[PDB]
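Engineer: Just passing along the structure, written as structure tokens.
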Amino acid sequence: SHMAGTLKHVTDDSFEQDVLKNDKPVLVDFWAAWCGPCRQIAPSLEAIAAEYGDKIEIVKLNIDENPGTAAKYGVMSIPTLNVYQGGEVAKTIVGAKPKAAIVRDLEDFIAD
């Protein structure tokens with residue numbers, strides 16, 4: 001376990017390899033740079049990925065750059081955090097929340 005977490009900006013092109021085929025659960029943050037609530041959660045996700053990096057991986061999907069993946073998962077409010085396991089969404093958190101609330105929402109993945 002480490003003091004920093006990993007981060008990868010995933011694309012329409014990389015989504016299968018990076019997310020849908022991952023061993024760990026992957027929290028995909030569907031965001032945009034003009035979204036204040038997305039900016040708000042970014043330190044929380046950073047802290048979470050460091051704290052629980054043995055359990056979960058955090059990646060970001062910019063919806064301006066990657067439409068498509070957004071539209072595939074019906075993402076029309078941001079931030080939306082989808083956690084993927086086995087190539088499908090297992091948990092969805094829609095809208096910005098405090099760190100402690102995100103961690104509760106992630107309990108089934110990061111309690112182990």
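In the structure tokens, each chain is lettered A, B, ... as it comes, each chain's residues begin at 1, and ligands are numbered from 1 in order of appearance.
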Based on the backbone DSSP call, show me all residues of region 13-108 of chain A assigned strand (DSSP E), as a PyMOL selection string.
Structural biologist: chain A and resi 26-31+57-62+80-85+88-94
Engineer: Looking at only C-alpha atoms, which of A:112, A:105, A:29, A:12 is the one that sits closest to residue 55 (chain A)?
Structural biologist: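 Under the stated criterion, the closest residue is A:112.
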Engineer: Skip region 61-66 of chain A itself and residues of its chain fewer than 6 positions away, then list as a short mmCIF file (atom, residue, chain, number, x, y, z; two decimals) with N, CA and C atoms, in the first residue's frame all residues within 9 Å of it, counting only C-alpha atoms.
Structural biologist:
data_model
loop_
_atom_site.label_atom_id
_atom_site.label_comp_id
_atom_site.auth_asym_id
_atom_site.auth_seq_id
_atom_site.Cartn_x
_atom_site.Cartn_y
_atom_site.Cartn_z
N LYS A 8 -5.37 7.17 -14.51
CA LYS A 8 -5.34 7.03 -15.96
C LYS A 8 -6.58 7.69 -16.52
N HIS A 9 -6.38 8.52 -17.54
CA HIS A 9 -7.46 9.11 -18.32
C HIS A 9 -7.81 8.17 -19.46
N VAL A 10 -8.95 7.48 -19.32
CA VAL A 10 -9.38 6.47 -20.29
C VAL A 10 -10.20 7.12 -21.43
N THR A 11 -10.21 6.49 -22.60
CA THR A 11 -10.85 7.03 -23.79
C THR A 11 -11.86 6.01 -24.34
N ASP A 12 -12.67 6.44 -25.32
CA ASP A 12 -13.54 5.47 -26.03
C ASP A 12 -12.73 4.28 -26.53
N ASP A 13 -11.52 4.57 -27.03
CA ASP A 13 -10.64 3.56 -27.63
C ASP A 13 -10.00 2.61 -26.60
N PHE A 15 -11.21 1.95 -23.42
CA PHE A 15 -12.14 1.61 -22.34
C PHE A 15 -12.23 0.10 -22.13
N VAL A 28 -14.78 4.65 -12.49
CA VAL A 28 -14.66 5.53 -13.62
C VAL A 28 -15.39 6.80 -13.22
N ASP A 29 -14.66 7.89 -13.20
CA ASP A 29 -15.20 9.23 -12.93
C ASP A 29 -15.50 9.89 -14.28
N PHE A 30 -16.78 9.99 -14.61
CA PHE A 30 -17.25 10.67 -15.80
C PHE A 30 -17.39 12.14 -15.46
N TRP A 31 -16.54 12.96 -16.07
CA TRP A 31 -16.34 14.35 -15.67
C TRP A 31 -16.18 15.28 -16.86
N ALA A 32 -16.09 16.56 -16.54
CA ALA A 32 -15.69 17.59 -17.50
C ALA A 32 -15.06 18.73 -16.77
N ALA A 33 -14.26 19.52 -17.49
CA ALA A 33 -13.41 20.45 -16.82
C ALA A 33 -14.17 21.71 -16.38
N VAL A 75 -24.85 8.52 -19.39
CA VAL A 75 -24.40 9.52 -18.41
C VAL A 75 -24.79 10.94 -18.84
N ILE A 78 -23.14 14.92 -14.31
CA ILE A 78 -21.76 14.71 -13.86
C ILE A 78 -21.48 15.51 -12.59
#
Engineer: Could you work out how far CA of residue 4 (chain A) lies from CA of residue 111 (chain A), giving the answer in Å with one decimal?
Structural biologist: 19.1 Å
Engineer: For the atom pair CA of residue 84 (chain A) and CA of residue 99 (chain A), what is the interatomic distance in Å to one decimal place?
Structural biologist: 19.4 Å
Engineer: Taking the backbone alone, and naming residues the way the document does, which bits of chain A are alpha helix (DSSP H) by DSSP, as an NGL selection string?
Structural biologist: :A and (15 or 36-51 or 69-72 or 99-105 or 107-110)
Engineer: Excluding residue 86 (chain A) and residues on its chain fewer than 3 positions from it, collect all residues at most 9 Å away from it, counting only C-alpha atoms, and give them as JSON, numbers by chain.
Structural biologist: {"A": [20, 21, 22, 23, 24, 25, 89, 90]}
Engineer: Have a look at A:106, A:70, A:50, A:3 and name the one nearest to residue 92 (chain A); count only C-alpha atoms.
Structural biologist: A:106
Engineer: I'd like to know which of A:73, A:41, A:51, A:101 is closest to residue 88 (chain A), using only C-alpha atoms.
Structural biologist: A:73
Engineer: Select, from A:44, A:96, A:79, A:59, the residue with the minimum atom-to-atom distance to residue 19 (chain A), counting only C-alpha atoms.
Structural biologist: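 For residue 19 (chain A), the nearest of the given residues is A:59.
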Engineer: Using only C-alpha atoms, which of A:109, A:91, A:2, A:77 sits nearest residue 53 (chain A)?
Structural biologist: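 When distances to residue 53 (chain A) are compared using only C-alpha atoms, the smallest one comes from A:2.
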Engineer: Report, in Å to a single decimal, how far apart CA of residue 47 (chain A) and CA of residue 7 (chain A) are.
Structural biologist: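 Between CA of residue 7 (chain A) and CA of residue 47 (chain A) the gap works out to 11.5 Å.
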